[PDB]
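Here is what each chain is made of, one letter per residue.
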Amino acid sequence: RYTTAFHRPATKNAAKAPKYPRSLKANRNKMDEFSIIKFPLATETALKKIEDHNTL
RNA sequence: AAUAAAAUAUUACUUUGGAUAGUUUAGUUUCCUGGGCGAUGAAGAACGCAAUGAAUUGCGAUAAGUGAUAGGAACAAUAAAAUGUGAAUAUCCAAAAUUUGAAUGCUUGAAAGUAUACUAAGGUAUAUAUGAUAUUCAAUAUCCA
């Protein structure tokens, strides 16, 4: 057979097909635009940057 | 020989101290009933959440609370808003339940992360051992054309 090493023969490999759902969690993303941003920083340091550097 | 400044003694008042007396939402022991946790993710740990919170209590991105069912007019340190079209308060109920932890895709030091598949971001499944069934294979191991 021109080689010595014996390996495990490859067989058929079906994909996972569960008979019932594994989770029933609601498909709602809890990290949206309204949750990512809490509030702007209102310190005197953060106000100076908004004018000269045009940064929020 | 003399002095009463210091010293000593008694009592009253005050002071430092916290004994004594009065008291108990705390313990100790015995007895009765149960002895009801977890891969449907437990016990434990960590982080976060109150209009003003540091601890503690309760809770989990629906946060000192949501729905439902009872319940009947409060809470308060200070404001506010809501409230008999239902405030407090109660629960073996419903939804929801962050990071971990047997911890279970791989890694984990105080480590930030990251692979594939299914349904960019999100969410699920994939550790080890094991029983049944299905399917694909390996070995002339026994026959065997």
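Before reading further, recall that the structure is shown in the block above.
Residues numbered from 1 in each chain as written, not as in the entry; some residues may be left out. Chains lettered and ligands numbered in written order. Part of a larger assembly, values for the part shown. Heavy atoms only, no water.

(A) The overall build of chain A, seen in detail. Helix and strand content of chain A: two helices and zero strands. For chain A, whose C-alpha radius of gyration is 29 Å, the value lies well above the compact-globule estimate of 10 Å for 56 residues. With respect to the principal axes defined by its C-alpha atoms, chain A has extents near 80 × 40 × 15 Å. Relative to its full complement of 56 residues, chain A shows a buried share of 2%. As displayed, chain A offers around 6800 Å² of accessible surface, 58% of which is attributable to carbon and sulfur atoms. Charge centroids of chain A, computed over 12 positive and 5 negative side chains, lie 33 Å from each other. (Helix = DSSP H or I, 4+ residues; strand = E, 2+ residues; numbered from the N terminus. Rg over C-alpha atoms; globule rule 2.2 N^0.38 Å. Buried < 20%, exposed > 50% of the residue type's maximum accessible area, 1.4 Å probe, protein only. Areas by Shrake-Rupley, 256 points an atom, 1.4 Å probe, with all protein chains shown as cover. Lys, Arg positive; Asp, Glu negative; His and termini not counted. Charge placed at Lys NZ, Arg CZ, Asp CG, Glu CD.)

(B) Fine view of the protein's contact with RNA strand B. Inspection of the region around RNA strand B gives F6, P9, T11, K12, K16, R22, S23, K25, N27, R28, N29 and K30 as its neighbouring residues. Close to the protein, within 4 Å, the atoms of RNA strand B are drawn from sugar and phosphate at a rate of 90%. Between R28 and RNA strand B, the recorded distance is 2.4 Å, taken from a side-chain N or O atom to a phosphate oxygen. Separating a phosphate oxygen of RNA strand B from a side-chain N or O atom of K30 is a distance of 2.6 Å. (Near = heavy atom within 4 Å. Polar contact = N/O pair within 3.5 Å; in protein donor to acceptor, adjacent residues only side chain to side chain.)

(C) Molecular detail of unusual backbone geometry. At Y2, a position not held by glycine, the phi torsion is positive, near 65°. Secondary-structure assignment places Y2 in the segment before helix 1 (33-36). Within the chain, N54 stands out as a residue other than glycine whose phi angle is a positive 55°. Position of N54 relative to the elements: it lies in the segment after helix 2 (44-52). Residue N54 is classed as exposed on the basis of its relative accessible area, which comes to 70%.

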